[PDB]
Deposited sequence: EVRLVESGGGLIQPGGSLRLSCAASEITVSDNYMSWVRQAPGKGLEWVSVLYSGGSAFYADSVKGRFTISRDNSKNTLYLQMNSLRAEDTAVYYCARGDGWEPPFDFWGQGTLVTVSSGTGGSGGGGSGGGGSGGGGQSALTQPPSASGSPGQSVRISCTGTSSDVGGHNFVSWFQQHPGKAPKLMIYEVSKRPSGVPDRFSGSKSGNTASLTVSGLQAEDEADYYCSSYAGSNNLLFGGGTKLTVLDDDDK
């Protein structure tokens, strides 16, 4: 079975240290782009780090110099060593396969909570059952408007994000074709048609932004009324 299973976590005081694990099955960590993505409670997604198949590592500006990504090929496990922790590192930490733009975050772990004591989306949207809703994501010419490395994620409460659209308009296998991605100028749009109760969820856009910067939108809560 394909699995990513995080472990480690808990409560740390500022200046403390913690190491997270992500044990993979079927996916081979040493052969893949492997990343950590985090989500502060009640907030949006933030890319943290990526480890390349060849060993190169890259980090978000917020964690560079404090966190270290690594792996043990014999245990098929990815690690995140988190030093000099601050209150703002509080988040559910997810591992995921991909670098978030090429290739996209297609497969995700379950998340684990760590507690230490841009793209513009509308905060909310609604539509009626069987009808449609358009979720917008406004960037600049150096991200959404400069290339096609835009993804969309659906996230239900207590679950990891799920890749719904990559490369502006491509759907991963199994995603219903009533989820449709597009882009006009600097604004990407997720159109959900045939709306069903289960579409109630938060939706995030993502875009590569150059210089190994990966951007996430702030999230849109979709209500089906």
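Extract from the deposited sequence all ranges with no corresponding C-alpha coordinates, numbering residues from 1. Seq positions lacking coordinates: 118-139, 248-252.
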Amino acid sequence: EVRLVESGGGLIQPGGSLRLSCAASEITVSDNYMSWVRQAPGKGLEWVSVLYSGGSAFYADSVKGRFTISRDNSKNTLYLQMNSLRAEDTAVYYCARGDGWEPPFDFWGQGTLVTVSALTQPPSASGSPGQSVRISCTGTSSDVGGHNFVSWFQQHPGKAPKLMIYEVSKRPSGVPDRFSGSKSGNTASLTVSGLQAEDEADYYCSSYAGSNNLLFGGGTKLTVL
From here on, numbers count along this sequence of modelled residues.
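Average Cα temperature factor in the PDB entry - higher stretch of 100-108, 118-126: Mean B over CA atoms: larger for 118-126.
Selected stretch [higher average CA B-factor]: 162-170 or 39-47: If you average the C-alpha B-factors of 162-170 and of 39-47, the larger mean comes out for 39-47.
If I read the C-alpha B-factors straight from the PDB entry, which of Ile69, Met34, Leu190, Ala197 is highest? Of the options given, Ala197 has the highest CA B-factor in the PDB entry.
Using the temperature factors in the entry, find which of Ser84, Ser151, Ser132, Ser136 has the highest value at its Cα atom. Of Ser84, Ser151, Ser132, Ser136, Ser84 has the highest C-alpha B-factor.
Among all modelled residues of this chain, ranked by Cα B factor, put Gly55 in the bottom, middle or top third, i.e. lowest, middle or highest. Lowest third of the chain for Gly55's C-alpha B-factor.
Can you work out whether the C-alpha temperature factor of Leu20 puts it in the lowest, middle or highest third of the chain? Ranked within chain, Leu20 CA B lands in the middle tercile.
Among the chain's modelled residues, which third holds the C-alpha B-factor of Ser180? Middle third, going by the recorded CA B-factors of the chain.
Where the record places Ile12 (Cα B-factor, split into thirds across the chain): It belongs to the highest third of the chain when residues are ordered by C-alpha B-factor.
Tell me, lowest, middle or highest third: where does the Cα B factor of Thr90 rank within its chain? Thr90: CA B-factor falls in the middle third of its chain.
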